[PDB]
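No hydrogens, no waters, no symmetry mates; every other heavy atom, side chains included, goes into these values. Note that the numbering runs from 1 along the sequence shown for the chain.
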Amino acid sequence: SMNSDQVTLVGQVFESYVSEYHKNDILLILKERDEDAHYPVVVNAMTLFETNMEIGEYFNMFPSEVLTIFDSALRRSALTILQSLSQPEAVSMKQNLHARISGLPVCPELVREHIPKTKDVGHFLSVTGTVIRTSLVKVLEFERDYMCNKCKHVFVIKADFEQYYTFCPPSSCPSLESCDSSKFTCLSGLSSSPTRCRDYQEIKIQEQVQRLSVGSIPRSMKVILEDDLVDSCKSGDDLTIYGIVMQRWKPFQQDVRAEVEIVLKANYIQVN
Ligand code: NA
Ligand SMILES: [Zn+2]
């Protein structure tokens, strides 16, 4: 992963870029009414990567974690802009901010007309295709709260995207004080204290045979939409999808056969 030295520089370069080129974009988000909704901030990667050389290297190396760092810099930039207003009570802070990457440097390794292959797993790139199928939006739980039997420390576990958002019970207390306790209790179903549930949607895109590069039989691909990306396209649209190539899988069981799948975890959708 990245050490604190690299995480600091990444967030600080992004924070200054946003606070200089997207000041009004954050102001409009702050001016919105619904505080629990998810709001995007769209950024041109090409212009961003030109301000700093290391930011583009870490992004292409650790896209998932760099995007997480970007979201932390958006909340700090939002709170700074909010505190600069003469009447900060006229707007409301928004905690669900997502950095959505658009405009990658145009090159064959990042902008694709074909379905990415196994070699491309883990990389952030764009795929252009046509929507052939959309599913209904589903509400899914992505985090579950637990507590320690010895310290009463409430912690959370993350649903594994690669295993279709399934949870695995831990056996180590992640409290600040080293607890040897392996006994924990599940608090997810006992109450609905938070609404930590996300919108989820699957679409199917296919290569466009009307393209010179696409041969006779086009291939298809599942794209996962989450948060504010759901309901952003319909069957028939021409989409350019920016995101991370990933593998979802289910192991063999007693009577069940295994299945592995290459999908695209969308980060931005551009309708053409
Ligand atoms: Na063709
Ligand atoms: Zn504990």
Not counting sequence neighbours, list each pair that qualifies as a salt bridge (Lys or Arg N to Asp or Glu O under 4.0 Å) and has a residue in [range].
{"range": "residues 22-31", "value": "none"}
{"range": "residues 156-180", "value": "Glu143-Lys158"}
{"range": "residues 58-81", "value": "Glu15-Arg76"}

Report yes if the side chains of [X] and [Y] come closer than 4.5 Å at any heavy-atom pair, otherwise no.
{"X": "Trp249", "Y": "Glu261", "answer": "no"}
{"X": "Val66", "Y": "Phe14", "answer": "no"}
{"X": "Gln87", "Y": "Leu85", "answer": "no"}

Taking CG in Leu190 as the centre, count heavy atoms belonging to other residues, nucleotides or ligands within less than 6.0 Å. Is the count above 12?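 Above 12, so yes.
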[X] side chain vs [Y] backbone, donor-acceptor pair below 3.5 Å:
{"X": "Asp145", "Y": "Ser188", "result": "no"}
{"X": "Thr51", "Y": "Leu48", "result": "yes"}
{"X": "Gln201", "Y": "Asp231", "result": "yes"}
{"X": "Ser77", "Y": "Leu74", "result": "no"}
{"X": "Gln206", "Y": "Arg219", "result": "no"}
{"X": "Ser19", "Y": "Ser16", "result": "no"}

Under the criterion side-chain contact (heavy atoms from CB on, under 4.5 Å), which of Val230, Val139, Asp227 is the partner of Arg198?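 Only match with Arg198 under side-chain contact (heavy atoms from CB on, under 4.5 Å): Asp227.
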Strictly by ring pair (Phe, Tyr, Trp, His ring centres under 6.0 Å), give each pair with a member in [range] just once, sequence neighbours left out.
{"range": "residues 16-37", "value": "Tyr17-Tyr21, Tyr17-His22"}
{"range": "residues 105-133", "value": "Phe59-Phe124"}
{"range": "residues 162-201", "value": "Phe155-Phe184, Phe161-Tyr165"}
{"range": "residues 79-108", "value": "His38-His98"}

Note to self: Test side chain to side chain contact (heavy atoms under 4.5 Å, CB included) on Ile55 and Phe49; report intermediate values, then the result.
What the structure shows: CA-CA 6 Å; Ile55 182 64; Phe49 295 158; 4.1 Å; yes
Spacing of [atom1] belonging to [X] relative to [atom2] belonging to [Y], to within rounding of 0.5 Å:
{"X": "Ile132", "Y": "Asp237", "atom1": "CD1", "atom2": "CG", "result": "13.0 Å"}
{"X": "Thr130", "Y": "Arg211", "atom1": "OG1", "atom2": "CZ", "result": "10.5 Å"}
{"X": "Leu239", "Y": "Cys233", "atom1": "CG", "atom2": "SG", "result": "5.0 Å"}
{"X": "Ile244", "Y": "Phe62", "atom1": "CD1", "atom2": "CZ", "result": "12.5 Å"}

Return the minimal non-hydrogen interatomic distance between [X] and [Y], and the atom names on each side.
{"X": "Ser213", "Y": "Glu113", "value": "OG-OE1, 2.9 Å"}
{"X": "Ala78", "Y": "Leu97", "value": "CB-CD1, 3.9 Å"}
{"X": "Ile115", "Y": "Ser220", "value": "CG1-O, 3.7 Å"}

Before you tell me yes or no, could you show the steps for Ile203 and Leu225 under side chain to side chain contact (heavy atoms under 4.5 Å, CB included), namely the whole-Å CA-CA distance, both residues' side-chain angles and the distance that decides it to 0.1 Å?
CA-CA 8 Å; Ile203 73 178; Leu225 307 184; 4.0 Å; yes
Treating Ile, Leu, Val, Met, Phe, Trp and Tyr as nodes and any side-chain heavy-atom pair under 4.5 angstrom as an edge, say whether [X] and [Y] lie in one connected cluster.
{"X": "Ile69", "Y": "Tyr242", "result": "yes"}
{"X": "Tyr268", "Y": "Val271", "result": "no"}
{"X": "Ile26", "Y": "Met93", "result": "yes"}

[X]: what forms a side-chain hydrogen bond (donor to acceptor under 3.5 Å, both in side chains) with it, not counting sequence neighbours?
{"X": "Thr134", "value": "none"}
{"X": "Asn3", "value": "none"}
{"X": "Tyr146", "value": "none"}
{"X": "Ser102", "value": "none"}

- Task: Take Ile205 and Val127 through the side chain to side chain contact (heavy atoms under 4.5 Å, CB included) test and state the conclusion after the steps.
- Result: CA-CA 9 Å; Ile205 66 175; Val127 176; 3.8 Å; yes
Determine, for [X] against [Y], whether the closest basic-nitrogen to carboxylate-oxygen distance falls under 4.0 angstrom.
{"X": "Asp34", "Y": "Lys94", "value": "no"}
{"X": "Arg112", "Y": "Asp120", "value": "yes"}
{"X": "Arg248", "Y": "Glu202", "value": "yes"}

Under the rule for salt bridge (charged side-chain N to carboxylate O under 4.0 Å, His left out), what residues qualify as partners of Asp228, not counting sequence neighbours?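 Checked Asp228 against salt bridge (charged side-chain N to carboxylate O under 4.0 Å, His left out); matches are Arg100.
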Could you walk me through whether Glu226 and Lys265 satisfy the side chain to side chain contact (heavy atoms under 4.5 Å, CB included) test, starting with their C-alpha distance in whole Å, then the side-chain angles of each, then the deciding distance to 0.1 Å, before giving a yes or no? CA-CA 9 Å; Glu226 302 182 316; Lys265 184 167 186 176; 3.4 Å; yes
Exercise. Between the side chains of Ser126 and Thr240, does any donor sit under 3.5 Å from an acceptor?
Worked result: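 Per modelled atom types, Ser126 and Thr240 side chains form no pair under 3.5 Å.
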